[PDB]
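Remarks on the structure that follows.
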Amino acid sequence: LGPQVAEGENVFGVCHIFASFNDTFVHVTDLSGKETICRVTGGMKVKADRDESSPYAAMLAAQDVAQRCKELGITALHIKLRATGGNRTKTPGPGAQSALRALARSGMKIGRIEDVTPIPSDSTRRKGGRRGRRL
Amino acid sequence: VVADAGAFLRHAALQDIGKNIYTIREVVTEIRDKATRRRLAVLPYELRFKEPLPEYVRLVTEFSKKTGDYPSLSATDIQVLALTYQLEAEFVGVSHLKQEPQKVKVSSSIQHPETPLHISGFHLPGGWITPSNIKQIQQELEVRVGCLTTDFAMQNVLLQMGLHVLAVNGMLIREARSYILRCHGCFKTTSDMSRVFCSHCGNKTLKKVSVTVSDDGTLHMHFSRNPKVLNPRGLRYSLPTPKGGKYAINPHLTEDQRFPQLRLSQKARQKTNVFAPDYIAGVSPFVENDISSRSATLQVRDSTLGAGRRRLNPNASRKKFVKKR
Amino acid sequence: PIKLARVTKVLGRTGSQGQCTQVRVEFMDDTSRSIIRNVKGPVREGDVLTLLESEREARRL
Amino acid sequence: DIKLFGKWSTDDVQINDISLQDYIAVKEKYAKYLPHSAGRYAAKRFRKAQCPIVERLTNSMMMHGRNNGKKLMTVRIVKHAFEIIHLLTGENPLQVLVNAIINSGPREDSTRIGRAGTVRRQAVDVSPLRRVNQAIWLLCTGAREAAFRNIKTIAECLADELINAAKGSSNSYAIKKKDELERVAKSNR
Amino acid sequence: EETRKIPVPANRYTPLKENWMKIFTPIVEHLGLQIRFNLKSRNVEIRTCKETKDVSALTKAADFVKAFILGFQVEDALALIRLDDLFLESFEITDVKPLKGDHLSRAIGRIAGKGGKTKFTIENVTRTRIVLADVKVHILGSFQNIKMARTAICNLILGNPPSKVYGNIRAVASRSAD
Ligand SMILES: [Zn+2]
């Protein structure tokens with residue numbers, strides 16, 4: 001099962017790596033992006049909410065999603081790194097970096113790295129008050 | 001084949017290339033590197049020590065101060081130059097060498113002296129750094145006697161007077177591309193690129209001028225025809241009164257004013273080396289910072305730290321809540 | 001499975017009371033696996049050890 | 001040839017364990033007529049490994065208080081034990097001694113790592129010299145515990161404990177102590 | 001063969017030029033990668049070659065050079081080359097607390113403290129490296145160490161004095177089984 005493409009040419013997928021401040025999401029799609037091939041969250045691998053956003057969970061997610069692409073036949077992936085964005089933090093965290101490193105480790109060719117986070121032009125009001133956020 | 005200390009610093013094992021290996025005691029005994037003294041007792045002993053003649057060091061100095069390089073030269077450097085002179089005079093005929101060398105020819109350009117040309121990794125518009133090329137990048141690499149000099153002054157004087165010299169590469173070199181510092185008040189040139197005050201009039205006025213010397217013995221130097229280089233923008237500013245004591249730092253107007261001794265502690269100047277075999281056993285990935293010592297409270301910094309801050313003009317506006325040391 | 005060992009270099013003294021020695025171990029299975037372990041008692045440079053399990057790695061970083 | 005008390009050979013012995021081969025020094029040059037030497041072995045570090053292991057066994061079983069100075073008595077006890085080991089087993093007493101010391105020595109020790117208050121121990125490896133020392137100490141302790149209040153004799157007790165430790169059965173004090181120490185070392189992690 | 005390009009700002013050109021050989025020597029010797037600096041696009045470009053030893057070394061090189069460009073010292077990103085579990089969390093100072101003007105600047109001050117000492121103090125407790133861009137904070141270290149440093153920094157820029165910050169971060173380091 002998979003595309004009828006010769007061994008020379010490779011097929012491309014887009015791996016939405018979304019590392020929020022609670023877990024990670026691995027949404028492998030077509031180059032169009034409409035239909036999903038796979039998505040491995042942090043919570044599907046570790047049975048603990050404390051370890052949900054751990055780099056170990058992202059590493060396991062990247063390994064499992066790479067196994068899923070090898071079972072179908074995707075050999076090279078473009079990367080769209082993402083953070084929570086918007087009003088919240090814009091920079092992707094350690095989970096995205098760990099997932100990208102683990103996916104590059106498991107024999108997978110890397111195409112274009114793109115930092116696509118929903119950066120607002122002008123934000124709405126912040127989640128916290130005037131006092132602050134994060135302890 | 002007269003070996004200078006630059007080949008010994010670079011582990012240039014060209015002992016099999018040549019046969020007339022001649023060295024000085026004071027070009028090998030001053031090296032503080034441990035690996036060089038380690039390999040010195042391991043390397044095959046066919047090098048031998050030879051002393052120059054006072055007449056020949058006198059002649060070498062005589063035309064070296066006509067080349068305009070005599071302040072840049074050192075005593076053991078003159079030993080090496082006149083040793084090569086004596087060897088090539090005693091083996092080869094002396095008619096090959098020419099004295100009172102050629103004049104300079106001036107041809108300026110619009111390029112800045114800080115343009116990053118002839119850097120290996122830098123490429124304008126392909127120039128790549130490959131592990132096949134990491135052994136190749138030494139310098140501008142192009143029969144019996146020669147030199148293993150790495151300093152530009154040695155190459156300059158040896159090529160102006162006319163000896164074929166070589167590099168860590170086995171083949172003889174052809175062209176010498178480098179930079180020099182020229183005073184723009186007294187017009188005296190120094191081959192030492194590290195210094196910042198000129199030897200003649202002592203002002204903080206040395207500026208970079210590029211020099212290319214061909215194999216014939218002809219030298220041409222390029223100035224920069226750019227108004228930014230010779231600009232009196234950040235030069236006149238109000239100076240503080242000179243303070244004394246153990247803690248006073250002075251604005252450094254002369255090359256030899258006595259500064260108070262303000263050194264760093266050993267823990268403050270430890271840099272983490274990562275390829276040590278026992279680095280992985282470290283409880284922390286990094287060398288711990290020093291905050292306990294008195295030097296930490298006095299905000300003593302290294303000479304390297306804060307280099308672009310000095311390049312800002314004092315007559316400007318900084319950030320409101322920042323203080324410049 | 002029990003594997004033989006070798007002492008390559010003694011590193012230091014670890015533990016609460018300074019009772020353990022952190023040491024580097026070379027394998028006698030003809031492999032170059034130099035693994036840093038913790039031992040109890042007197043060890044010197046050139047000693048030979050008996051490991052009950054090898055998959056465990058001691059306190060690194 | 002040098003014979004232990006003039007009767008016991010020292011060339012027939014074979015060391016099963018590679019780890020204890022360099023510290024069990026009884027084989028060729030270290031063979032002595034008497035275990036008693038009165039030579040220094042604790043003057044500097046690692047000097048007691050050079051000492052013959054029969055002298056180590058001698059020095060380790062007079063350790064208890066009321067016999068803390070008697071050493072000719074100790075080598076007499078070792079002699080009686082070696083005679084009755086020969087007449088029981090039939091092998092050389094030094095061979096079965098080496099076997100008992102090898103099979104009695106622990107391989108992993110639990111050790112307090114952390115602070116005062118954290119009782120969670122971590123399992124660490126064991127030095128071969130300390131393994132030899134602990135093996136001899138456990139053999140001597142079993143010799144004491146088997147000979148407290150009985151007709152059963154102390155040299156005979158050391159012989160019985162040595163044979164039980166060498167054949168690996170769960171009857172020697174050293175064997176059961178080593179087994180419980182190994183299982184708690186495995187359980188700690 | 002694939003490649004990664006990373007940009008450099010105008011203020012980071014000179015530290016790149018000075019420390020160039022210390023950058024490209026471990027890239028080309030231990031990792032076996034081709035490296036150049038495109039001056040027109042101002043990008044450090046690293047590509048794999050035929051004699052690259054293994055995969056994921058290109059990502060190690062990219063992390064090394066990007067950490068150097070963000071402001072970390074060359075040794076602190078050589079640590080990224082050697083070690084495996086090292087990451088980079090960075091965040092804006094105005095993220096946790098809405099600060100405007102001079103107040104914001106004072107927050108930067110109490111991340112540095114006098115002489116930078118407070119910053120260095122965190123680097124002794126959390127065993128991390130921290131770089132302050134003009135409104136941005138970058139942390140390099142292990143995951144729990146990065147989280148510890150981030151809690152310390154966010155405690156600093158919510159108004160808490162450095163003494164409470166040192167006490168809390170040392171207590172957390174004590175309970176961290178270090
Ligand atoms: Zn001048």
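The way I read the labels, and the way they are meant: chains A, B, ... in the order of the structure tokens, residue 1 as the first residue of every chain, and ligand 1 as the first ligand shown, with later ones counted on from there.
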- Within 12 Å of ligand 1 (only C-alpha atoms and all ligand atoms), residues as a VMD selection string: chain B and resid 181 to 190 196 to 207
- Task: Considering only C-alpha atoms, return as a VMD selection string whatever protein or nucleic-acid residues lie within 9 Å of residue 76 (chain A), sequence-local ones (same chain, fewer than 2 positions apart) excluded.
- Result: chain A and resid 10 to 13 74 78 108 to 111
Go ahead and write the selection's residues with N, CA, C and O atoms as an mmCIF file, in the first residue's frame.
```cif
data_model
loop_
_atom_site.group_PDB
_atom_site.id
_atom_site.type_symbol
_atom_site.label_atom_id
_atom_site.label_comp_id
_atom_site.auth_asym_id
_atom_site.auth_seq_id
_atom_site.Cartn_x
_atom_site.Cartn_y
_atom_site.Cartn_z
ATOM 1 N N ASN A 10 11.190 10.807 -4.299
ATOM 2 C CA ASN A 10 10.582 10.716 -2.981
ATOM 3 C C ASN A 10 9.261 11.479 -2.932
ATOM 4 O O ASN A 10 9.013 12.383 -3.735
ATOM 5 N N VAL A 11 8.408 11.092 -1.991
ATOM 6 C CA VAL A 11 7.130 11.764 -1.780
ATOM 7 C C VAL A 11 7.246 12.656 -0.551
ATOM 8 O O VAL A 11 8.024 12.373 0.367
ATOM 9 N N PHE A 12 6.494 13.751 -0.547
ATOM 10 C CA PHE A 12 6.608 14.765 0.489
ATOM 11 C C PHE A 12 5.366 14.804 1.368
ATOM 12 O O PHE A 12 4.236 14.702 0.882
ATOM 13 N N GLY A 13 5.589 14.951 2.677
ATOM 14 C CA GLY A 13 4.518 15.217 3.609
ATOM 15 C C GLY A 13 4.846 16.446 4.438
ATOM 16 O O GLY A 13 5.997 16.875 4.521
ATOM 17 N N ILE A 74 5.871 7.238 3.029
ATOM 18 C CA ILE A 74 6.390 8.602 3.029
ATOM 19 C C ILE A 74 7.838 8.559 3.496
ATOM 20 O O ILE A 74 8.143 8.013 4.563
ATOM 21 N N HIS A 78 8.424 17.761 4.954
ATOM 22 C CA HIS A 78 8.611 19.158 5.314
ATOM 23 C C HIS A 78 8.072 19.389 6.719
ATOM 24 O O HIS A 78 7.152 18.700 7.166
ATOM 25 N N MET A 108 14.703 9.628 8.400
ATOM 26 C CA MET A 108 13.762 10.400 7.600
ATOM 27 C C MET A 108 14.420 11.667 7.070
ATOM 28 O O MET A 108 15.068 12.404 7.819
ATOM 29 N N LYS A 109 14.249 11.917 5.773
ATOM 30 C CA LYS A 109 14.809 13.112 5.153
ATOM 31 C C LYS A 109 13.976 14.333 5.530
ATOM 32 O O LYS A 109 12.744 14.267 5.576
ATOM 33 N N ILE A 110 14.650 15.446 5.800
ATOM 34 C CA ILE A 110 14.009 16.682 6.233
ATOM 35 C C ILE A 110 14.051 17.673 5.078
ATOM 36 O O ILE A 110 15.107 17.885 4.469
ATOM 37 N N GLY A 111 12.907 18.284 4.776
ATOM 38 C CA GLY A 111 12.822 19.244 3.693
ATOM 39 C C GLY A 111 12.969 20.680 4.154
ATOM 40 O O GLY A 111 14.074 21.123 4.481
#
```
- Got a sec to pull out which chain E residues are within 12 Å of chain A, counting only C-alpha atoms, and send them as a PyMOL selection string? chain E and resi 1-6+47-48+54-63+84-100+136-148+150-160+165
Determine, using only C-alpha atoms, which residues of chain C have any atom at most 9 Å from an atom of chain D, and tabulate each with its shortest atom pair and distance in Å to one decimal place, rows ordered by chain and then rising number, as CSV.
```
residue,atom,partner,partner_atom,distance
C:4,CA,D:19,CA,8.0
C:5,CA,D:19,CA,8.6
C:14,CA,D:113,CA,8.8
C:15,CA,D:113,CA,5.4
C:16,CA,D:113,CA,5.6
C:17,CA,D:113,CA,8.6
C:19,CA,D:111,CA,8.6
C:20,CA,D:124,CA,8.1
C:37,CA,D:125,CA,7.8
C:38,CA,D:124,CA,5.7
C:39,CA,D:125,CA,4.4
C:40,CA,D:126,CA,5.0
C:41,CA,D:127,CA,5.2
C:42,CA,D:127,CA,6.0
C:43,CA,D:127,CA,6.0
C:44,CA,D:46,CA,8.7
C:47,CA,D:128,CA,7.9
C:48,CA,D:19,CA,5.3
C:49,CA,D:19,CA,5.6
C:50,CA,D:19,CA,6.5
C:51,CA,D:125,CA,7.1
C:52,CA,D:107,CA,7.0
C:58,CA,D:124,CA,8.6
```
- Message: Please extract the residues of region 127-162 of chain E with a backbone DSSP assignment of alpha helix (DSSP H) and present them as a list in words.
- Response: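 For region 127-162 of chain E, the alpha helix (DSSP H) set is residues 143, 144, 145, 146, 147, 148, 149, 150, 151, 152, 153, 154, 155, 156 and 162 of chain E.
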So that each row is one residue of chain E with an atom at most 7 Å from chain B, can you give its shortest atom pair and the distance in Å to one decimal, using only C-alpha atoms, rows by chain and rising number, as JSON lines?
```
{"residue": "E:28", "atom": "CA", "partner": "B:131", "partner_atom": "CA", "distance": 5.5}
{"residue": "E:29", "atom": "CA", "partner": "B:131", "partner_atom": "CA", "distance": 6.6}
{"residue": "E:32", "atom": "CA", "partner": "B:131", "partner_atom": "CA", "distance": 6.3}
{"residue": "E:33", "atom": "CA", "partner": "B:130", "partner_atom": "CA", "distance": 6.8}
{"residue": "E:34", "atom": "CA", "partner": "B:130", "partner_atom": "CA", "distance": 4.8}
{"residue": "E:35", "atom": "CA", "partner": "B:129", "partner_atom": "CA", "distance": 5.2}
{"residue": "E:36", "atom": "CA", "partner": "B:121", "partner_atom": "CA", "distance": 4.9}
{"residue": "E:37", "atom": "CA", "partner": "B:122", "partner_atom": "CA", "distance": 5.1}
{"residue": "E:38", "atom": "CA", "partner": "B:123", "partner_atom": "CA", "distance": 5.5}
{"residue": "E:39", "atom": "CA", "partner": "B:124", "partner_atom": "CA", "distance": 4.9}
{"residue": "E:40", "atom": "CA", "partner": "B:125", "partner_atom": "CA", "distance": 5.8}
{"residue": "E:75", "atom": "CA", "partner": "B:272", "partner_atom": "CA", "distance": 6.2}
{"residue": "E:78", "atom": "CA", "partner": "B:274", "partner_atom": "CA", "distance": 6.5}
{"residue": "E:79", "atom": "CA", "partner": "B:274", "partner_atom": "CA", "distance": 6.0}
{"residue": "E:82", "atom": "CA", "partner": "B:274", "partner_atom": "CA", "distance": 6.9}
{"residue": "E:105", "atom": "CA", "partner": "B:321", "partner_atom": "CA", "distance": 6.8}
{"residue": "E:115", "atom": "CA", "partner": "B:299", "partner_atom": "CA", "distance": 5.7}
{"residue": "E:117", "atom": "CA", "partner": "B:291", "partner_atom": "CA", "distance": 6.5}
{"residue": "E:120", "atom": "CA", "partner": "B:289", "partner_atom": "CA", "distance": 6.1}
{"residue": "E:124", "atom": "CA", "partner": "B:288", "partner_atom": "CA", "distance": 5.8}
{"residue": "E:127", "atom": "CA", "partner": "B:284", "partner_atom": "CA", "distance": 5.8}
```
- Two-atom distance - CA of residue 53 (chain D), CA of residue 142 (chain D) (Å): 17.7 Å
- Message: For residue 100 (chain D), find every residue with an atom within 10 Å (counting only C-alpha atoms), except residues of its own chain fewer than 3 positions away, and show them as a PyMOL selection string.
- Response: chain D and resi 94-97+103-105+135-136+139+161-168+172+174-175
Restricting it to C-alpha atoms, dump the selection as a PDB file, in the first residue's frame.
```pdb
ATOM      1  CA  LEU D  94      43.670 -24.720  49.533  1.00  0.00           C
ATOM      2  CA  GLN D  95      41.491 -25.518  46.496  1.00  0.00           C
ATOM      3  CA  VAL D  96      38.276 -25.745  48.524  1.00  0.00           C
ATOM      4  CA  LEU D  97      39.402 -22.638  50.438  1.00  0.00           C
ATOM      5  CA  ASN D 103      31.588 -18.261  46.032  1.00  0.00           C
ATOM      6  CA  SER D 104      31.136 -16.335  49.307  1.00  0.00           C
ATOM      7  CA  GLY D 105      32.202 -12.901  48.043  1.00  0.00           C
ATOM      8  CA  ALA D 135      34.385 -13.323  52.021  1.00  0.00           C
ATOM      9  CA  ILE D 136      37.026 -14.078  54.665  1.00  0.00           C
ATOM     10  CA  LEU D 139      33.596 -17.257  56.731  1.00  0.00           C
ATOM     11  CA  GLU D 161      31.393 -23.652  57.019  1.00  0.00           C
ATOM     12  CA  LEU D 162      34.179 -23.631  54.411  1.00  0.00           C
ATOM     13  CA  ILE D 163      32.880 -26.791  52.711  1.00  0.00           C
ATOM     14  CA  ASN D 164      29.274 -25.527  52.825  1.00  0.00           C
ATOM     15  CA  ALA D 165      30.366 -22.216  51.287  1.00  0.00           C
ATOM     16  CA  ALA D 166      32.476 -23.870  48.583  1.00  0.00           C
ATOM     17  CA  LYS D 167      29.834 -26.325  47.379  1.00  0.00           C
ATOM     18  CA  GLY D 168      27.315 -23.474  47.266  1.00  0.00           C
ATOM     19  CA  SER D 172      26.970 -21.738  55.288  1.00  0.00           C
ATOM     20  CA  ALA D 174      28.403 -16.670  54.334  1.00  0.00           C
ATOM     21  CA  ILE D 175      26.190 -18.126  51.588  1.00  0.00           C
TER      22      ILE D 175
END
```
Could you list, with a cut-off of 6 Å and counting only C-alpha atoms, the residues of region 163-199 of chain B near region 137-146 of chain B, each shown with its nearest atom pair and the distance in Å rounded to one decimal, rows sorted by chain and ascending number, as a tab-separated table?
```
residue	atom	partner	partner_atom	distance
B:165	CA	B:146	CA	4.5
B:173	CA	B:142	CA	4.9
B:174	CA	B:142	CA	5.8
```
Suppose we keep N, CA, C and O atoms; can you now write the selection as a compact mmCIF listing (two decimals), in the first residue's frame?
```txt
# COMPACT_ATOMS: atom_id res chain seq x y z
N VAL B 165 61.14 31.16 -0.58
CA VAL B 165 60.74 30.58 0.69
C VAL B 165 59.46 29.78 0.46
O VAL B 165 58.80 29.91 -0.57
N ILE B 173 56.28 29.17 -2.24
CA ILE B 173 55.18 30.13 -2.32
C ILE B 173 55.52 31.19 -3.36
O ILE B 173 56.69 31.41 -3.68
N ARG B 174 54.48 31.84 -3.88
CA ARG B 174 54.62 32.77 -4.99
C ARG B 174 54.26 34.20 -4.59
O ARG B 174 55.06 35.12 -4.80
```
- Pull out every residue of chain E sitting within 12 Å of chain D, counting only C-alpha atoms, and send them as a count of residues only. 5
Do a neighbour search on residue 82 (chain B) at 10 Å with only C-alpha atoms, toss out local chain neighbours closer than 6 positions, and write the hits as a CSV table (one decimal) with N, CA, C and O atoms, in the first residue's frame.
```
chain,number,residue,atom,x,y,z
B,51,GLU,N,74.9,29.1,14.1
B,51,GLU,CA,75.0,30.5,14.5
B,51,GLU,C,75.3,31.3,13.3
B,51,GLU,O,76.2,31.0,12.6
B,52,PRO,N,74.6,32.5,13.2
B,52,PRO,CA,74.9,33.4,12.1
B,52,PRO,C,76.2,34.2,12.4
B,52,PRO,O,76.8,34.1,13.5
B,53,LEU,N,76.7,34.9,11.4
B,53,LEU,CA,77.8,35.8,11.6
B,53,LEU,C,77.4,37.2,11.8
B,53,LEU,O,76.3,37.7,11.4
B,54,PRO,N,78.1,38.0,12.7
B,54,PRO,CA,77.8,39.4,12.9
B,54,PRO,C,77.7,40.3,11.7
B,54,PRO,O,76.9,41.2,11.7
B,55,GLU,N,78.6,40.1,10.7
B,55,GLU,CA,78.5,40.8,9.5
B,55,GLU,C,77.2,40.6,8.8
B,55,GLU,O,76.6,41.6,8.2
B,56,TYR,N,76.7,39.4,8.7
B,56,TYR,CA,75.5,39.1,8.0
B,56,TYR,C,74.3,39.6,8.7
B,56,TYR,O,73.3,40.0,8.1
B,57,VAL,N,74.2,39.5,10.1
B,57,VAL,CA,73.1,40.1,10.8
B,57,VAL,C,73.1,41.6,10.6
B,57,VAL,O,72.1,42.2,10.5
B,58,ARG,N,74.3,42.2,10.6
B,58,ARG,CA,74.4,43.6,10.3
B,58,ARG,C,73.9,44.0,9.0
B,58,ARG,O,73.1,44.9,8.9
B,59,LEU,N,74.2,43.2,7.9
B,59,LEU,CA,73.7,43.5,6.6
B,59,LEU,C,72.2,43.3,6.5
B,59,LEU,O,71.5,44.1,5.8
B,60,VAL,N,71.7,42.2,7.1
B,60,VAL,CA,70.3,42.0,7.1
B,60,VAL,C,69.5,43.1,7.8
B,60,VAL,O,68.5,43.6,7.2
B,61,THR,N,70.0,43.6,8.9
B,61,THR,CA,69.4,44.7,9.6
B,61,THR,C,69.5,46.0,8.7
B,61,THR,O,68.6,46.8,8.7
B,76,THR,N,65.7,37.1,17.4
B,76,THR,CA,65.7,35.7,16.9
B,76,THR,C,65.2,35.6,15.5
B,76,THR,O,65.7,34.8,14.7
B,88,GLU,N,72.5,30.3,2.1
B,88,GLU,CA,72.4,30.4,0.7
B,88,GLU,C,73.6,31.1,0.1
B,88,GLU,O,73.9,30.9,-1.1
B,158,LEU,N,62.3,38.4,3.2
B,158,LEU,CA,63.0,37.4,2.4
B,158,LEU,C,62.7,37.4,0.9
B,158,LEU,O,63.4,37.0,0.1
```
- Determine which residues of region 171-216 of chain B receive a DSSP assignment of strand (DSSP E), computed from the backbone, and state them as a PyMOL selection string. chain B and resi 176-183+189-190+206-213
- Query: Expressed in Å to a single decimal, how great is the separation between CA of residue 248 (chain B) and CA of residue 262 (chain B)?
  - Reply: 9.5 Å
